[PDB]
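A single chain, nothing else alongside it, follows as structure tokens in the form deposited in one PDB entry.
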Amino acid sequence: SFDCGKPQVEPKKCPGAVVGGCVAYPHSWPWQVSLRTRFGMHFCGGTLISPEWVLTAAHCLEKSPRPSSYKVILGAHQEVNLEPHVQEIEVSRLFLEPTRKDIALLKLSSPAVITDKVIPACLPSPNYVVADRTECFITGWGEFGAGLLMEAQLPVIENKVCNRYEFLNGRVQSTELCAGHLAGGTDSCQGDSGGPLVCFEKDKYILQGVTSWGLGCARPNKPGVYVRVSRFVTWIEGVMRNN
């Protein structure tokens, strides 16, 4: 329950060839956040990147500018009947990324207790470019909702290829990345808007992508598009240290 990116429960690691993905082993994605309204309704995902900081998608915040309207559920596995020791914390502040405005930082009113069920994802070094065909996972509750936390393994597709004429045709910005399959492939729509796309780097998981509604999920004849986290690291750190 220490270093970022190292679950204390080892991930199942759903093979890429499973349709619909797999149910995660409980607490194997300890940074996984469930975003809810004050009335406790799950509508988005997010990633714990510090005891006091959650990274999510700006689109998740469209229905309200008031930081008190949002609750962050950490340590969860079930979507509805929440586990006994799940941490439920009010957001004190919102910081919308200013250039692209696709992601946001939520500051938690009280810090999260770091345990072996609740651990931060590691951030990539600035401007890092995840290589073509790197295997990553997306996790979340697919929000019928999944009910239990799901995972799916998706390969990254370099922007140059993903932007080809016959595929996404120039619409993927350098501040985004693609993952999934170009043609064929299973529908991998297991994440929540705002949820994580992490990739294992020899001994820990690094958050490389943030899923977005208005972008997409990995579909059979179209990959998913994720905000490229490495391009917002210095900003993220700046917000954290100065706030």
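So that there is no doubt, residue numbering starts at 1 and follows the sequence shown.
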* What number of deposited residues lacks coordinates in the span between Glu143 and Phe144: none, 1 to 3, 4 to 9, or 10 or more? -> 4 to 9
* Asked: Hey, which bit's got the bigger mean C-alpha B factor in the entry, 14 to 22 or 224 to 232?
  -> 14 to 22
* Asked: On average, which has the higher Cα B-factor in the deposited entry, 80 to 88 or 158 to 166?
  -> 80 to 88
* Which of these has the highest Cα B-factor in the record: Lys117, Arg171, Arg133, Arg93? -> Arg93
* By the entry's C-alpha temperature factors, tell me which of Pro30, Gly185, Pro51, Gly195 sits highest. => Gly185
* Asked: Against its chain's modelled residues, does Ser125's Cα B factor rank lowest, middle or highest third?
  -> middle
* Third of the chain's Cα B-factor distribution that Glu97 belongs to, per the entry -> middle
* Structure fact -> By the entry's values, the third containing the CA B factor of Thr37 is the highest
* Where does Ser64 sit by CA temperature factor within its chain: lowest, middle or highest third? -> highest
* For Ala218, the third of its chain into which the C-alpha B factor falls -> highest
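Unshown form deposited with a partner chain bound; subsequent notes refer to it.
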* Asked: Does at least one non-hydrogen atom of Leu48 fall within 4.5 angstroms of the partner chain in the deposited complex?
  -> no
* Is the gap between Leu215 and the partner chain in the deposited complex 4.5 Å or less for some heavy atom pair? -> yes
* To do: Determine whether any heavy atom of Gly191 comes within 4.5 Å of a heavy atom of the partner chain in the deposited complex, and answer yes or no.
  => yes
* Asked: Just to confirm, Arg171 within 4.5 Å of the partner chain in the deposited complex by heavy atoms?
  -> yes
* Would you confirm whether the three residues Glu52, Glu88 and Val198 all fall within 4.5 Å of the partner chain in the deposited complex, going by non-hydrogen atoms? => no
